[PDB]
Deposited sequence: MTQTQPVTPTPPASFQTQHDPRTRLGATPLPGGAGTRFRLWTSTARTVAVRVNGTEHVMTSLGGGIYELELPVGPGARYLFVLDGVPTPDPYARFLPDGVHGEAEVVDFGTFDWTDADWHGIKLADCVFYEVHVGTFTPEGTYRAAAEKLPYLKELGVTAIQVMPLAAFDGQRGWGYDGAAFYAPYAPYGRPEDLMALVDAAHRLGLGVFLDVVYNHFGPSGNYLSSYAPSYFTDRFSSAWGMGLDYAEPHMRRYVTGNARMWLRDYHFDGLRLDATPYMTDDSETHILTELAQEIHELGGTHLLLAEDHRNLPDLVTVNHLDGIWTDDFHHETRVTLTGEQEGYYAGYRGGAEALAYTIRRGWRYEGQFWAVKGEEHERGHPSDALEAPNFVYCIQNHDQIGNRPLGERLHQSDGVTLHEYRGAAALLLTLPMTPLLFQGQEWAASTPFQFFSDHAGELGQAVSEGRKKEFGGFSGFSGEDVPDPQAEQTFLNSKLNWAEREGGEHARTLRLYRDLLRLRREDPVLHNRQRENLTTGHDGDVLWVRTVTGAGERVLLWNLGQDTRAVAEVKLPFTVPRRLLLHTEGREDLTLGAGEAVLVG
């Protein structure tokens, strides 16, 4: 008896009418005294319906260009479905009924079956478009990943960016391709049996191109701020529906399988039904199998058990792994000792901080909650993602940090890809890519100069506004064919094949997972009715024989995979082995 608040009849923005009758244009404004739509250059006064709602139907079709005119000021549509001239230009009317989907036999993917592969469209290929990305799908399928996680696609200002400055949430960013090009990518992924997930940003709008306050200041509140402006006011139903309508678009109209919600701790809402809960209700009302994941640092199980999200990106594993391999202690890395005994505990508990004091200077509080309610798939683990590479001064990847060996890097992959938690890889990780992933942007005028200045002061650091910073982040695909890149890629292929094929590694129950350590050797044991597997990772500087590792059970004898392809059960510094 939950009823969606969305009815195509009353959809804000420009929606094609049935029977070839044209387009219905609708907006809400709390302050405008005159309201018109300018379509293909011609103004038409809109009809006032009450409640600040304005509507007009005209015989123009998909492809018509328009914007709204509020008290005489031409203003882009915040509900625009495409913005071919960028965030300050006219919108294009889009009809989602025209694309010829071929994915009727695709039925989504369960979280427990996801191995995510995080793609940034602009840097993933030379061209930096959906069409070019679609050509790498067979590679991804053969690699053994099962779900692509696409970085944000909402239109933002400038010709490149990570996506976190999205301002028109319903308009896929024009430099990556047209709406049909995005649909083509998702349809191609589904034909190969890959899921596709989208990163969405419901805690803030970018600094350029967000015109919602021009329509109604009450979309936003002065009670709290975001990074770029006034905070999003989730007590305002039109603000709630702006984001639930957007989530339904991506899932229903573009056939995405799920959404990764950025920075959920900053979606502030004191309503009776939290916006996260209403998001889950609204996407489930679609009657599919779509997933919602939260990027949330609070270690708060209620995201799953109360808001009814599917899982949580949980960085404690990442951070413990990074400190183990580098010893670094700056910023939030100071919250972790690292090491075999530390990693064993964090894996045991899912996340480390379950209410203990977080002693990081400037951030001190009691962090987290007991993780008992969550099952292995609810935790999304990684050793690399966009933030944990890009928020470093030089954007260097884990194997490129001082003091990290490729052997340690390969061991870390074996740990990540044999755990029952849901793993995520970042593009190029699988071949130990030689390129960094730097923070880049392309804002105009004073705002661009401020970004550059902001980056310099915060931490030579690459200027985010420089074209070179974007180009230096582009994947070099050819390099994967050789040397240690090819070696690393062979290991990733072997690990993803075992994850898929090995009947014991199919385990998805924390009940069947135990961990421990002996000195600098980490062990992770899985026991099910199908058998036993043990991963051992030598996080020391010396060589360790498997036979000399003190374990509280009898070690399995059969060597299933060694990260350096050795024949004997011995571990060089940083190396790992899976036995059974």
The record leaves without C-alpha coordinates the deposited-sequence stretches 1-13, 473-481
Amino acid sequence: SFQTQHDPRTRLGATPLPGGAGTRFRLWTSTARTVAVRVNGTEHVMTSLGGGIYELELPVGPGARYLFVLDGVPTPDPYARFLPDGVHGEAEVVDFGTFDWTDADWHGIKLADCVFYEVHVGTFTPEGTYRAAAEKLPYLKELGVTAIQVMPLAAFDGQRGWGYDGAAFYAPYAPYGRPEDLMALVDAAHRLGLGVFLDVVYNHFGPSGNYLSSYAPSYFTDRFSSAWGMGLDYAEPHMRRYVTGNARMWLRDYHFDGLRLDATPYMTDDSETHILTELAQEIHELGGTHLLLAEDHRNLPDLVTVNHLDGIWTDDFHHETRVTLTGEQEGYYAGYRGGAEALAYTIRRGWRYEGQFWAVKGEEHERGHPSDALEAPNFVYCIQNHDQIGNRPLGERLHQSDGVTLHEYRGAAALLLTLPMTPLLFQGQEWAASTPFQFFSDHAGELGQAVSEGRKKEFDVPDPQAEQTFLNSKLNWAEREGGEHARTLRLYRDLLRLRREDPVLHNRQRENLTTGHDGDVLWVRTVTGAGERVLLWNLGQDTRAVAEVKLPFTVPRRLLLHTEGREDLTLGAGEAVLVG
From here on, numbers count along this sequence of modelled residues.
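Superpose the two forms; the largest set of C-alphas matching within 1.5 Å is the rigid core.
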Quick one: core-superposed, which stretch strays further from the shown model in 8 other deposited structures of this protein, 256-264 or 229-237? Go by RMS C-alpha distance.
229-237
218-226 versus 197-205: which one's CA atoms end up farther from this form in 8 other deposited structures of this protein after a core fit?
218-226
For the stretches 381-389 and 474-482, which has the higher mean C-alpha B-factor as given in the deposited record?
474-482
Higher mean Cα B-factor in the deposited model: 215-223 or 145-153?
215-223
With respect to the C-alpha temperature factors reported in the PDB entry, which of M421, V115, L447, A174 ranks highest?
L447
Per the PDB entry, which option out of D199, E396, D494, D460 has the greatest Cα B factor?
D460
Quick one: classify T29 as lowest, middle or highest third of the chain based on its Cα B-factor.
lowest
If you rank the chain by CA B-factor, which third does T554 end up in: lowest, middle or highest?
highest
Assigned third (lowest, middle, highest) for the C-alpha B factor of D302:
middle
Split the chain's modelled residues into thirds by Cα B-factor; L374 lands in the lowest
Going by the CA temperature factor in the PDB record, which third of the chain does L425 belong to: lowest, middle or highest?
lowest
